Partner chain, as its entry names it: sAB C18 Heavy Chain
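Before any questions on how it binds or moves, here is one chain, the form deposited without its partner chain, in structure tokens.
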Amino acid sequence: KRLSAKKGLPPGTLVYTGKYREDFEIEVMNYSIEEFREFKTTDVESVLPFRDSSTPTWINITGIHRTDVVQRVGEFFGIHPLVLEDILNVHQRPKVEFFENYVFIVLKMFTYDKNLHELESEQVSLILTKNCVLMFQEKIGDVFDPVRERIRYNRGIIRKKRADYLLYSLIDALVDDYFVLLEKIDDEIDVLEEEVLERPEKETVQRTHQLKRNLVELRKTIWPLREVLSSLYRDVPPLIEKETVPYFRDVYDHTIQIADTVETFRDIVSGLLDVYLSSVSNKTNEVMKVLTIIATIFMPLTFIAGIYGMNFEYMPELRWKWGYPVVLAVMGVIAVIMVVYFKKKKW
């Protein structure tokens, strides 16, 4: 429901405002130029000895539902109360916080289901301290596997560089996930365009509104991402080293590009509803044209039948000279002279 920690104690609270508590696993990747080590353990204290190594390490804390373990981890690093409380709460806009000892970076994930057209987000945290990085995840499952594969089989220069290149690899993986998300959404926009052009229904308005809110949430999540990387580059925090800034320039440019792409998607979504309204109005015009043609053909014919069908004993047309075929012919002439009026003015 959000905005529950604001009322109460300003200095700090320790509560996890998430909906996932199923899993709790720990992943640690201690790596260097010539060493290779990985393990999976449920022990909280098992990761403490590995943090003291001068070689960079990547500690993953998936399913952050236990407040005690996060409090212990933050206490070992002397995590500031502001950062410690910002880790736990999920509904926090992406913002980078740099401190004397460490830098706090928080972003969001995204996954899309084709069937339900629903967008959901999961929050992840980036904390770079000493020579190690902390990973906090909302549940099991992530799209950060390219970094794991590059660590495992020694691809690229990530082996040689420090944990700063690891942080950049994580950011690059997140931006790749975002690009895949927008590529998927493009297909839905195209099929919606085809449908609205060639088959309007009552569902299309709800579809357009749901897609509009999906794009609004995506924009509200992507703009702070752009601000985060903008602050990460220009402010040049002490912890980030050299031979790294061009990478952050590239990722910043990519964020600007994805912002432009989502703006274009917004414009297309805006135009779809106008196209739909035009189609509906044209259909209404057609339906009234059909109704009017039928009515103008058939009302005078009914009048003609009624006039000579009255209860009058003094009708000459009653046995004038085979009057029924004559009046049939007159009605046919009336019908044809009215119908030839149409198809001249395109009705």
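Positions refer to the first chain, counted from 1. Think of the rigid core as the biggest set of C-alphas that the two forms share within 1.5 Å after superposition.
Not on display, but discussed next: the form solved in complex with its partner chain.
The three marked residues, 63, 121 and 125, fail to reach its partner chain in the deposited bound form, with no heavy atom of any inside 4.5 Å. When its partner chain is considered in the deposited bound form, residue 72 lines it closely, a heavy atom lying within 4.5 Å. Not displayed here, its partner chain is approached by residue 68 to within 4.5 Å at the level of heavy atoms in the deposited bound form.
Using a 4.5 angstroms limit between non-hydrogen atoms, residue 159 is distant from its partner chain in the deposited bound form. Although the partner is absent here, residue 91 lies within 4.5 Å of its partner chain in the deposited bound form, judged by heavy atoms. For the listed set 234, 199, 160, 249, the sole C-alpha moving 2 Å or more between this form and the one not shown on a rigid core superposition is that of 199. Annotation: Cα of residue 55 displaced by less than 2 Å between this form and the one not shown, core superposition. Core-aligned CA deviation for residue 32 between this form and the one not shown: less than 2 Å. Put the two forms on the same core and the Cα of residue 284 is off by 2 Å or more between this form and the one not shown.
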